[PDB]
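First to last, the sequence lines map onto chains A, B, C, D and E. Numbering (full-length UniProt numbering) for the first sequence: 136 to 150, 159 to 203. Position one of the second sequence corresponds to residue 2 (full-length UniProt numbering), numbered consecutively onward. Position one of the third sequence corresponds to residue 2 (full-length UniProt numbering), numbered consecutively onward. Position one of the fourth sequence corresponds to residue 2 (full-length UniProt numbering), numbered consecutively onward. Position one of the fifth sequence corresponds to residue 31 (full-length UniProt numbering), numbered consecutively onward.
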Amino acid sequence: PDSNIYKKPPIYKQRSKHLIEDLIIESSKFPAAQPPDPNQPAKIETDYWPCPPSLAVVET
Amino acid sequence: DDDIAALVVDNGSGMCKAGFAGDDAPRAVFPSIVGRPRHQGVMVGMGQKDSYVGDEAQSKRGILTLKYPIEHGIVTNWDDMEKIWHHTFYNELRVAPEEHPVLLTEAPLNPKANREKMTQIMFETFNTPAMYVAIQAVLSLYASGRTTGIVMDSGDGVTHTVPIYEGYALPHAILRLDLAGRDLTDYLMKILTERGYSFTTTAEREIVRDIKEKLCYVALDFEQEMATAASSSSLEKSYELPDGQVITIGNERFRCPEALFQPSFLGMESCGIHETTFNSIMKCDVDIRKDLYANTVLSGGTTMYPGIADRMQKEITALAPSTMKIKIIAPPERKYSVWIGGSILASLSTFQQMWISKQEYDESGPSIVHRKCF
Amino acid sequence: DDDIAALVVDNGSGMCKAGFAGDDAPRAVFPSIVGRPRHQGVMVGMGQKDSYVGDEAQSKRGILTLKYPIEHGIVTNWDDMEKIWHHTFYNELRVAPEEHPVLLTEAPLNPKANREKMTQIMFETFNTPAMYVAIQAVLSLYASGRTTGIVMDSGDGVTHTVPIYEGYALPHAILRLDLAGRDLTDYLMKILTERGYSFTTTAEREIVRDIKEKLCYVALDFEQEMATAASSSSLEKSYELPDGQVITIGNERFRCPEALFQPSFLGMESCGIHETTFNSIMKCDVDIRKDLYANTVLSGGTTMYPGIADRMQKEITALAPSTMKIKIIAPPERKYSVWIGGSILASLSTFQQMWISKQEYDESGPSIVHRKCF
Amino acid sequence: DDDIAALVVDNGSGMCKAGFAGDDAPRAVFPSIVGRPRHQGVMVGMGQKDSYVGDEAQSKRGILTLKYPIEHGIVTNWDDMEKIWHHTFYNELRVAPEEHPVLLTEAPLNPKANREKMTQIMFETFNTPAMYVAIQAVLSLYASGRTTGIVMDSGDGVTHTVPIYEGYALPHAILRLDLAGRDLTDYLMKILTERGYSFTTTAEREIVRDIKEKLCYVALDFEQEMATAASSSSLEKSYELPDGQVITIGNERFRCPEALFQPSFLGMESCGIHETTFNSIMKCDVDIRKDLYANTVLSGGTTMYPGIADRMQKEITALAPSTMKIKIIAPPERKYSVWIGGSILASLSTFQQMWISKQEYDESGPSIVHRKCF
Amino acid sequence: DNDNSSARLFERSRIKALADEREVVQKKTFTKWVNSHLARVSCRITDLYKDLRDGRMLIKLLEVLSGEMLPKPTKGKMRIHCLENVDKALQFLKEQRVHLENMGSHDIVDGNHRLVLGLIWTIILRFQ
Ligand SMILES: Nc1ncnc2c1ncn2[C@@H]1O[C@H](COP(=O)(O)OP(=O)(O)O)[C@@H](O)[C@H]1O
Ligand SMILES: Nc1ncnc2c1ncn2[C@@H]1O[C@H](COP(=O)(O)OP(=O)(O)O)[C@@H](O)[C@H]1O
Ligand SMILES: Nc1ncnc2c1ncn2[C@@H]1O[C@H](COP(=O)(O)OP(=O)(O)O)[C@@H](O)[C@H]1O
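Here it is as structure tokens:
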């Protein structure tokens, strides 16, 4: 009854190889196949997101 | 793991779409077809490919027997489905399935073994850390940005109406109709024989599908449109075959989609999509019916015939009481909405506890999906 | 003391009213219901709300089941009553319960455990410095402003008659009848069936209550009104359901409140309200009856039907001797009268002596309430 | 007796039964369904039929759309009812209606326009000399042979409980629930989709009804039965469809009738049949509850599932006080029991004074029935 | 109908007027109290009902009052992300064993005046 969902780690988090091939394996995990731009907003912040926003943003 | 982004795989009878969570558009969209050769091979040394998946089967339609692994939303053949998923993961996206969670979609009313087989295949063959199965109707409501409304989703395989009020879903009001786009394709291929054009194999079925996509619309008034078409030749168009032959579609343009509204053309005695939506609304409670009238949502590729929204609004307004206000909401990108809201579902913080873990699957067998997933 | 004003809370079966002492009108008026969801919850990220209480329980009544904590003036469920009191104190008035004393109202003839549990709850949990419990029909006489008279209070839970002469109340002449607007709503829901309308769920009961509050009246002559309703259609009225449907109540309008005067429509063996008031008058002594004839006071929300006063006066005049003068005093503000009386009782300088201190409760347990109060 | 024997007609939602007065068994029993052709008409030279009525419509379900004139105990379509009555009088019993009085049955709580229309039809069109209208529960108590008891009658369209003590009925304690066999058939159709069997058209409704009648039972303990069914393959039955396919029902057998005791499976918030019977008993007086407890009578086709009596006794005994015993008297004849009671009511000499004469109908009109019956 | 009209007059004039005056005064005072604590960071709210919808400012206020690190808000501008952001603050209040009754995320997002005022009052009673 008294716990916080967000403070807990995600459930799927719970469970030799060449270094360059490991680097190419964990470079492919990003959606753009490269580390994200630091000072760039994500896709949700951008206004070219096709889905309509909340009503208060429309009034603003 | 903030770095790990889940893959959203919108899985339908006609097309398969795939992408990453938090993206506005899927990365890879391709038809879900499997083809095998049907003619003798006399040139040695050309190769040894015996199965064509995706656009490679669509390009070489001449020498293949195209067939669909998914029929009416049910995976009839599972080997071809494994083929499609392998081609999706390795060749279209170039990702390792063992590093990411996978989000999958299905129709509301299904045989119960379909979910168990899907979960078992995704956990054993691909070694995914986690997976989840969602219903395609809820994801359209996620994409529309509203918490309340009725979702009418008609794709290539199945049509279904699901009402949700204030984030709460009524299961007894969910309606499923097996009328879909392949039945419209078969009806078009049947009625095209009146003008002398015969299409009989699978490649010509793809040709008829292209004709239906390019040259079709829904008439606001059926009898007036029929009288206009009989009066003159203003409602005529020309299409060029890959043979270079030119055919004139003529009267049939508004006759193929009309089978959605009058299923008696196809021999089925079921009600139309407008009557199904009205029945699903009227099965709900009295107090919430106005909000469901104000927030009707259209989804799926099959609902992109021109003028379907006006006809739907007119028919529902005729059925509904006069004092109520009727609105039909049809986004211009609705074909991908089932995918898009799904990505939103993978982007939420509270959804990270809703994944079916590999450890939970190992503990509870394949039947964990019934008690974990809606 | 001067700036500190004790809170006045009128707590009937139907609706709860609350405000400050010295005020002419209560600040917060809201129905006393506690609703809980019943359907599926499928949208992830909307948040969890276990219980809905008060006015915003009414707004989302489509997806909720509604329960009344108070039945026939008796608190059957105490947890929901704590929910209602917390919502009153914090969300509605935004006052700390430690700052001000609390004045409560109740029915005359009630079980002792109700009073004991009320005292225990208002001292142990909300931690109030002082508290008093009074009778509603006594406060109605305070609102009227006269020393002597007979009060007939009819709310949603119970009806009761008390006589008071010169500030002295007769306990043996107090009469209690379990016939209120709750049973009238049930009777209206039963008699609406024969016209083809069916209301069964707890959400539709509020619609039936609204229909009763909008389109009901008391006929001065029952048989003549029935003959008029049979002869012509001028008595018919139309009501609009929330889904846009239109119903015609017609003959039922004067038949639902008529069960107050003839309980045999409900199968009850008890007498009517006019006979109950007359019997309560004749249970008193001979000398005061004349004064009790001249100051009959109506109160409660059930007595808001049009034409109730004329019918009551006619019935009492028929029962009483002809040489006496019979008048019925019904202010337009008779729904809130009890609360007004409470404020008038709460602001008196003398009544500051009669508060039940917390130290007295700590000494005497919850049994202190019977020695004080009434 | 020198009097022409009256016809007794039981007119329920599912089946129609008809026979002569004083006979132990009805002569004609047939479903109350009116079918119509839907396909294209070829092969000129064979006779055409406007519509198919009753058992013949069951013989040719493939080429017809099948419809019910009675829905939820209310005659929605009156032309189909006139056709069914004509087929009853002239084809099944092959008697002249103008020579025989007619006894009809109906539900307890229903619109008065139904009674007025049945009286108008049976006097104006069929030209019967006399008629009477009765409540099915009273006839069930007549057939049981006891004067005192509570009757729970559940047909194909409606369920109702009526307590009668020594020939006196309590109108305030009569309860009506709109939960019958057709809702169970729809629920069975919905839950058969999990195993992969699809039944959509009106012709498959009768097949699903046959599956429900042949392979369903009420479990004594629901959770233990679910655990036993999930544990092994001890409980599966095979049914052969009219196309030759064989289906296996398994788990669903005790899940379809369980919705009778838990209506929340269907999304309704109403109580079960055991709680309805207990509440109907509790609405009666204190003195007659002991006699009503020991004289519970079951009637109707929907109470024909195996194990319904033991389960009902267990559920009622749990709610009832421990000091008394509960008897569930379920005759093996309950499906026809109502009609049997009607025959007894048509055999009494004192009942000959209660017939509604044709001269009385000419004198007063169709509204005489409310003054004459019940 | 005349006495019915008089009763509607009474409960349209006095019950509305007293409640509206009290809630206006409470709104101004709560706005000043929130602005005093929110001025430590570079944050300021003009309207209590409108600026508290998005749920970010509630998180900032709870972070200032409590003194530890709440989870960062969901990166979005939709209604669902708004509900998530309000639910985070409500769950953090559920940590501190502060008792909230009839409080949901959608009630704050839609902008019900009485429940927002009650939430602010409950926060004031706790953290003073
Ligand atoms: N632009 C269009 N106009 C008309 N019909 C279309 C159009 N695009 C696709 N369709 C129809 O929709 C079907 C594809 O539906 P789709 O959205 O792929 O279903 P799912 O994704 O559920 O498999 C095709 O069979 C085609 O007939
Ligand atoms: N305007 C009205 N006209 C007729 N009846 C009314 C009206 N308003 C309320 N009632 C009846 O009074 C009941 C509410 O009474 P109420 O004053 O709340 O009693 P209490 O406050 O003692 O619980 C309602 O259930 C309804 O039956
Ligand atoms: N042997 C049986 N076992 C289970 N259910 C039955 C059986 N016989 C009939 N039923 C159910 O009872 C219904 C018939 O009820 P019936 O007595 O004909 O109602 P009514 O006569 O009031 O219309 C059918 O719809 C069927 O589902």
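From the three backbone atoms N, C-alpha and C, an ideal C-beta is built for every residue, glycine too.
- Collapsing the DSSP output to three states places D/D154 in a strand.
- Distances from the CA of B/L8 to each of B/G20, B/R210, B/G15, B/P130 were compared; the closest alpha carbon is that of B/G20.
- Following the DSSP letters along the chain, one finds B/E125 inside the alpha helix (DSSP H) bounded by residues 113–125.
- By the Cβ-count criterion, C/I5 is exposed, with fewer than 16 other Cβ atoms from all chains shown falling within 10 Å of its own Cβ.
- The Cβ-Cβ distance between D/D157 and D/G302 falls below 8 Å.
- Here C/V139 carries a helix assignment [DSSP, helix/strand/coil].
- The continuous stretches of beta strand (DSSP E) do not include C/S323, and DSSP gives it neither H nor E.
- Between the region 209–221 of chain C and the region 238–255 of chain C, the count of Cβ pairs shorter than 8 Å is three or higher; the stretches touch.
- Residue-level contact check: B/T148 touches chain C, since one or more beta carbons of chain C fall below 8 Å from its beta carbon.
- One alpha carbon belongs to D/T77, the other to D/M44, and they sit about 35 Å apart.
- DSSP places D/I165 in the uninterrupted beta strand (DSSP E) bounded by 160–166.
- For B/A170, the neighbours in chain C by C-beta distance under 7 Å run, in chain order, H40, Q41, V43.
- B/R290 sits in a helix when the DSSP states are folded into three classes.
- By the criterion of a C-beta distance shorter than 6 Å, C/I192 is surrounded in its chain by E253, once the five residues flanking it on both sides are discounted.
- Ranked by Cα distance from C/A29, the first of E/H129, E/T59, E/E53 is E/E53.
- By the Cβ neighbour-count rule, C/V139 is buried, with 16 or more other Cβ atoms within 10 Å of its own.
- Rounded to the nearest angstrom, the Cβ distance from B/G74 to B/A114 is 13 Å, too far for a contact under 8 Å.
- Among the CB atoms of chain E, one or more fall inside 8 Å of the CB of B/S350.
- Residues of the same chain with a CB within less than 8 Å of the CB of B/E259, apart from the 5 flanking positions on each side, are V219, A220, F223, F266 in chain order.
- For C/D4, the three-state secondary structure derived from DSSP is coil.
- Counting C-beta pairs with one atom in each stretch, the region 32–42 of chain B and the region 57–71 of chain B have three or more that are closer than 8 Å, which means they touch.
- Checking the 7 Å criterion, the Cβ of B/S141 is out of range of every heavy atom belonging to ligand 1.
- At a cut-off of 7 Å, the beta-carbon of C/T194 does not count as near ligand 3: no heavy atom of the ligand is closer than that.
- In terms of Cα proximity to C/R290, the closest of C/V103, C/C17, C/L110, C/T149 is C/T149.
- Within chain C, not a single residue places a beta-carbon under 8 Å from that of B/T106; the smallest gap is close to 14 Å.
- Counting C-beta pairs with one atom in each stretch, the region 337–351 of chain D and the region 124–143 of chain D have three or more that are closer than 8 Å, which means they touch.
- Put simply, the CB of D/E270 is near chain C, with a gap under 8 Å to one of its CB atoms.
- Within chain B, the residues whose beta carbon sits less than 8 Å from that of E/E114 are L349, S350, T351, listed in sequence order.
- Taking 7 Å as the cut-off, the C-beta of C/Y306 counts as close to a heavy atom of ligand 2.
- Secondary structure of B/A347 (DSSP, three-state): helix.
- Chain B has a Cβ within less than 8 Å of the Cβ of E/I110.
- A direct Cα-Cα distance of roughly 7 Å separates B/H101 from B/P130.
- Under DSSP, the beta-bridge partners assigned to C/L299 are C/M153.
- The beta-carbon separation of C/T297 and C/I151, rounded to 5 Å, stays under the 8 Å limit for a contact.
- One thing to note: C/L346 has its Cβ no nearer than 8 Å to the Cβ of C/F279.
- With 16 or more other CB atoms across the displayed protein chains lying within 10 angstroms of its CB, E/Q121 is buried.
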